[PDB]
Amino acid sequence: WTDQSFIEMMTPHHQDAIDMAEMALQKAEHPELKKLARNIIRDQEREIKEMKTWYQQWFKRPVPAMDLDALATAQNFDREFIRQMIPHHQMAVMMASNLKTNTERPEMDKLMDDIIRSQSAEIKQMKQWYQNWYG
C-alpha cells in the first residue's frame, strides 16, 4: 500500500463498516452490539474525514469514488453482524499494518496505530460475545 492507494481503498472499506453499524442501531439485539456500533460510526466517520482532508492536500484532488442484504434478512441479526464484521475488521488491521511499514507520513503512521488498536480490540470483543451468545 501507498498513502494514496490506502486512502482510496480504506475510505469505502470504512463506509461499509459504518453502513453495517448504522443498521445495528435499528436492529441489534444485544445492547453491547449497539454500543459497539456507535463507536464504529463515531471513530470511522472521523477517520474518513481525516483521510479526505489529507488526500486533497497531498494529491491536490478529491478521493476518487460485505452483504447488507444478508444482514437484513438474517434470523439473528447479531450473529450475522459479527460473522461479517470480524473478517472485515481483520482486513483493515492487515491493510493498516502494511501501510505502517510503507509510509513516511506522521499523519498516516498515527492513523494506522488507531485502526490497528481499536479494530483489534473490537475483534476481541465480538469473538467473545459470539461464544457467549452462540457457543
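From 1 onward, residues are counted along the sequence shown. We call the rigid core whatever largest set of C-alpha positions still superposes within 1.5 Å between the two forms.
With everything overlaid on the rigid core, name the stretch, 70-78 or 30-38, whose CA atoms wander farther on average in 4 other deposited structures of this protein. More C-alpha displacement in 4 other deposited structures of this protein shows up in 70-78.
Please compare 73-81 with 50-58 and name the stretch with the higher mean C-alpha B-factor in the deposited structure. According to the entry, 73-81 carries the higher average C-alpha B-factor.
Going by the average Cα B-factor in the PDB entry, point out whether 112-120 or 16-24 comes out higher. Looking at the record's C-alpha B-factors, the answer is 16-24.
C-alpha B-factor winner, where the candidates are 90, 39, 103, 97: That would be 39.
Taking the entry's C-alpha B-factors for this chain, is residue 29 in the lowest, middle or highest third? Highest third.
Name the third of the chain's ranked CA B-factors that contains residue 67, choosing lowest, middle or highest. According to the entry, residue 67 has a C-alpha B-factor in the chain's highest third.
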